[PDB]
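For reference, the structure discussed in these notes is given below.
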Amino acid sequence: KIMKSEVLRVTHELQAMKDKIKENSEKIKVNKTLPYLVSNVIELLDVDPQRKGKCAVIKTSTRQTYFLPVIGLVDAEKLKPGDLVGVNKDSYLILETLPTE
Amino acid sequence: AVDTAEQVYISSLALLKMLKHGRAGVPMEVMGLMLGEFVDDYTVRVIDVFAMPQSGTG
Amino acid sequence: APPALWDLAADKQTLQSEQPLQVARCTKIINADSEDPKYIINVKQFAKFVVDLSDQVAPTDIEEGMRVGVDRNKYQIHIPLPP
Amino acid sequence: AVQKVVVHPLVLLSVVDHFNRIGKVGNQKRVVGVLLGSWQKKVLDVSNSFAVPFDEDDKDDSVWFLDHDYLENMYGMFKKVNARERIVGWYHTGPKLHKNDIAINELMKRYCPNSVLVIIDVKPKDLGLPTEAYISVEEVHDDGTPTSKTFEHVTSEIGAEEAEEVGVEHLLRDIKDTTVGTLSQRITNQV
Amino acid sequence: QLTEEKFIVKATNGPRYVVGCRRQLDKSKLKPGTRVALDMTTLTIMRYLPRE
Amino acid sequence: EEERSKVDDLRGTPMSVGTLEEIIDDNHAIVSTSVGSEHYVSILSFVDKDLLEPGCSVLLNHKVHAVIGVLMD
Amino acid sequence: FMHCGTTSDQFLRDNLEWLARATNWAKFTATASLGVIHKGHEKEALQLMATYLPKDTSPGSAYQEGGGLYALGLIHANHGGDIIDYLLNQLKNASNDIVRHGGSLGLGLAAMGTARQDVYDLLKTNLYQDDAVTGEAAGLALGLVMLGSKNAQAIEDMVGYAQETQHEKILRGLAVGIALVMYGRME
Amino acid sequence: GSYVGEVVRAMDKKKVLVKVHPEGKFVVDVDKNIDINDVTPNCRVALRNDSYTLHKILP
Amino acid sequence: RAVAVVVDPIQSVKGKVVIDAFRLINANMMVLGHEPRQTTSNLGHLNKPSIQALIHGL
Ligand SMILES: [Zn+2]
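Going down the list, the protein sequences come from chains A, B, C, D, E, F, G, H and I.
Heads up: the first sequence is residues 53 to 101, 116 to 167, going by full-length UniProt numbering.
Just add 23 to wherever you are in the second sequence, counting from 1, and you've got full-length UniProt numbering.
Just add 72 to wherever you are in the third sequence, counting from 1, and you've got full-length UniProt numbering.
Just add 4 to wherever you are in the fourth sequence, counting from 1, and you've got full-length UniProt numbering.
Just add 62 to wherever you are in the fifth sequence, counting from 1, and you've got full-length UniProt numbering.
Just add 92 to wherever you are in the sixth sequence, counting from 1, and you've got full-length UniProt numbering.
Just add 374 to wherever you are in the seventh sequence, counting from 1, and you've got full-length UniProt numbering.
Just add 69 to wherever you are in the eighth sequence, counting from 1, and you've got full-length UniProt numbering.
Just add 138 to wherever you are in the ninth sequence, counting from 1, and you've got full-length UniProt numbering.
Here it is in structure tokens:
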């Protein structure tokens, strides 16, 4: 069990990782507090030649078009050309997408 | 009841910290703190200036 | 101006009262509400917004498609209005 | 691997701060600051840095004092305000490469990646460029001498991004710009 | 495209501008007939915008 | 006299001509303009508010749109 | 300007409400200009400055007193019957930056050119608190007292005292202070 | 830069209503070095964009 | 003292790096004259912030 006693350091590393996810997970709540407006999304895949191409086309409700890659958290029911999405003030990022109807 | 004639001493330390902070002057409100010592009433000297992490409140 | 005389003397406290009551986001009417924090709202300038309710207004005092007073700085709902 | 580096004047102005915050003790050693920058592109780009209380001994070179907690806290708060820059390397402001600097370097070869070293000068009386990027690599020698950490010079340029130009140029009002023609050509052609 | 480095852009919202070229990208995609992407600061070009 | 000439800050350079929509008994009325900006301020001097005859053009600001007076037409 | 020498306080006897209306340096300049009005009076000057508040002997504004000394030095410029002996015990009195500052100005101006090492010494311990305003007065008096004397440790004391502080009024007061000492040292 | 004012009506309280580009119609006293009566209504003028002071009459 | 400084390189050109430190007056000083600051020489340099809305507009 002398070879398996190095697992203790690994577990202290990982519970330390669970100690340190509280702050960077804590800023999720204060950055993602209020999606201020609703903006139309049109999904359009890009190519960069990692350097992989990944993009989407945005249109604000006040009809102003900007540029951004596919951003946010891990997406399954996203990537749709849909509306009612999360957005911060001038960052114009995607945080919380919801179905309108 | 008294007021004097004050004048603010600015180093290049605080200046380029406000210029890195001005490159960090993206559209969002940003935060920082000026430090130094007050030697008298009517002169003020800055030395130490750092930045602060952003918040959605601003 | 004699009606504006006593009101002109009553314009003193309008400066200390100008810091409250100042907020008007062009009286946006709501559309629906997804969940009790988040309200889907549209301004009259055709920008669809989402903000949470403030603490001063009850969510049972929210009505569907309601013109209310609402902040233009923190964007929350300070006070409602009947029509 | 890396052909050149870019060091912004902000960190050397923080070496002016290294010579400011001394407090007149009588020590004035090669005070080490924790160099930060962008190893991300093939070119290295220094944005900013900070410094750490570092002490050696009078007689012994191999006694040297750093901090991991101060590194992780200052780098932690700095990464909290700006995560677009990471740890890269370090520097001592002494003119001389000590024997201990392989071991002092080795701490940031471990915890940081392959760290760059910068020799600069305590008194800027050198007409030459004060900054020299020394890559921390072990190279195999033809004589058969055993392999050790070897500091090969990587060429450097000192550039400012946008606002550092404006603030520096406002602070000077003494330097003149490019100004091709008689003077700025012929002064280089003088000295 | 008047200068081979610096040309006229047409925004979606309507106002027109002139921009520079980024040191990373080259003049291949920078030929006209290419809808592009720009920044608020310095009006630089990070990459283009393929139409669909 | 000085109090008559102290509200000049509101009717000075930061001044606009908006269109009144209605007058509210809560003394903060709702106004409009080319974008239809709706701002409610508790009332000030020089306004009539009865023969004002709502639905007309009134005087607004670049500031918080405190109604400093009215102008007939 | 207009009432200098003619000792006419009768223009400033029109009102007390236009002079003492602000607690500021304006009362110091008012008492100073009062010193410009009358000059060359050995009894009525100190008597007149004593007439202003001999009630509780505690001025709420210190500028009346320090303007009393700063004005008094304007009165007794190059008098041979100096009350400097009293003004050293009066500068010996403990007060902040008006006995220090205005006492340095008035007492050094009355001691102009005498090249006394004593007023030089108390001047040095007036500038040794490193404040900009009273040491500004110390330099301004020091140029007056060291006219032509050219004391050896004094010049290197002043320029050596110059770069060791970040205050600026000490730098301009010592600027005029090392200015006035140098007269006929053309060679 | 500065805007282009057009006065359509001069007001007798020395606070000239001036027809501005949309969301305009900014009634204001123009600068003190220029008199009001010289500014003829229904003519285009030169106006600053924030301080709303007139420069000159324009054809 | 409590110095407040606003850096704004966004509409500031790269030719000039004009920055200003701002102050709060006391609300009870409105009866008296506003700023009893002596030594009024440098105010000729302090009229460099002369934008016709913000400085004297506010
Ligand atoms: Zn803002």
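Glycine residues also receive a C-beta, built at the ideal position from the N, C-alpha and C atoms.
- Quick one: does the C-beta of B/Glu52 sit closer than 7 angstroms to a heavy atom of ligand 3? Because ligand 3 does not appear in the structure shown, any question about it cannot be addressed here, the ligands present being ligand 1.
- Please decide whether D/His12 counts as near chain I, where near means a Cβ-Cβ distance under 8 angstroms. no
- Item | Nearest to G/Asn452 (by Cα), restricted to the options G/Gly477, G/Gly442, G/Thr488 | G/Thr488
- Message: Contact between the stretch 120-136 of chain A and the stretch 84-98 of chain A is defined here as three or more beta-carbon pairs at a separation below 8 angstroms; is this criterion met?
- Response: yes
- CA-to-CA distance, F/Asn153 to E/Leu105, given in whole angstroms: 34 angstroms
- If you run the structure through DSSP and keep just helix, strand and coil, what is B/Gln30? strand
- Taking only beta-carbon positions, decide if E/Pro112 is within less than 8 angstroms of chain A. yes
- Message: Quick check: F/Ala158 and F/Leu112, are their CB atoms within less than 8 angstroms of each other?
- Response: no
- Query: What runs of the alpha helix (DSSP H), each 4 residues or longer, lie entirely inside the UniProt domain "MPN" (9-144) of chain D?
  - Reply: 13-22, 73-85, 105-114
- Item | Interfacial residues, the stretch 177-193 of chain I to chain H, with Cβ spacing under 7 angstroms | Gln190, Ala191
- Query: Using a beta-carbon distance below 8 angstroms, is G/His541 in contact with chain B?
  - Reply: yes
- Item | Status (buried if at least 16 other CB within 10 Å, exposed otherwise) for D/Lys8 | exposed
- What are the residues that DSSP puts in a beta bridge with B/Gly59? B/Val69
- Query: What do you get for B/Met57, buried or exposed, if any count of 16 or more other CB atoms within 10 angstroms of its CB means buried?
  - Reply: buried
- Within this structure, are the beta carbons of D/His12 and D/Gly132 separated by less than 8 angstroms? no
- Cβ of F/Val156 less than 8 angstroms from any chain C Cβ? yes
- Query: For chain H, is any of its Cβ atoms less than 8 angstroms away from the one on F/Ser134?
  - Reply: no
- Task: Taking residue 233 of chain D as the query, report the chain B residues whose CB atoms sit under 7 angstroms from its CB, ordered along the chain.
- Result: One cannot answer for residue 233 of chain D here, as it falls past the ends of chain D, which runs 5 to 195.
- Message: Could you give the first and the last residue of the continuous alpha helix (DSSP H) run that contains D/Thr159?
- Response: Not the alpha helix (DSSP H): D/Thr159 falls in the beta strand (DSSP E), residues 152-162.
- Message: Under DSSP, the beta strand (DSSP E) around G/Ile472 begins and ends at which residues?
- Response: Looking at the DSSP string, G/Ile472 is not in any beta strand (DSSP E), and its letter there is neither H nor E.
- Task: Measure the CB-CB distance between A/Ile160 and A/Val151 and report whether it falls below 8 angstroms.
- Result: yes
- Query: With distances taken from CA atoms, which of E/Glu114, E/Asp101, E/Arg113 is nearest A/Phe133?
  - Reply: E/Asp101
- Starting from G/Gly534 and walking both ways along the alpha helix (DSSP H), at which residues does that stretch end? 526-536
- Apart from the five residues just before and just after D/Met112, which ones in its own chain have a Cβ nearer than 6 angstroms to its Cβ? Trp94, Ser119
- Task: Keeping to the same chain, check which residues put their C-beta closer than 8 angstroms to that of G/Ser523; ignore five residues upstream and five downstream.
- Result: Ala489, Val555
- Given a threshold of 16 other Cβ atoms within 10 Å of its Cβ, counted over all protein chains shown, does A/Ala68 qualify as buried or as exposed? exposed
- Hey, how far is the Cα of C/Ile149 from the Cα of C/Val129? 7 angstroms
- Residues sharing a beta bridge with F/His120, DSSP: F/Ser134
- List the whole-angstrom C-beta distance separating D/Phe155 from D/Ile139, where the pair is believed to meet the contact cut-off of C-beta under 8 angstroms. 7 angstroms
- Just tell me which of G/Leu514, G/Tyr494, G/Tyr444, G/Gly551 has its CA closest to the CA of G/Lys413. G/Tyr444
- Query: So, are the CB atoms of G/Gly547 and G/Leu514 less than 8 angstroms apart?
  - Reply: yes
- Using a cut-off of 9 angstroms between C-beta atoms, extract the partners of B/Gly79 located in chain A. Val82, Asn83, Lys84, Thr85, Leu86, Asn154, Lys155
- Query: How would you list, in chain order, the residues of chain G whose beta-carbon sits under 8 angstroms from the beta-carbon of B/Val62?
  - Reply: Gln540, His541
- G/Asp505, buried or exposed, once every other Cβ within 10 Å from all chains shown has been counted against 16: buried
- Task: State buried or exposed for D/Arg177, treating a residue as buried only when at least 16 other CB atoms are found within 10 Å of its CB.
- Result: exposed
- Spatial distance of H/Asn118 from A/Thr128 (CA atoms): 25 angstroms
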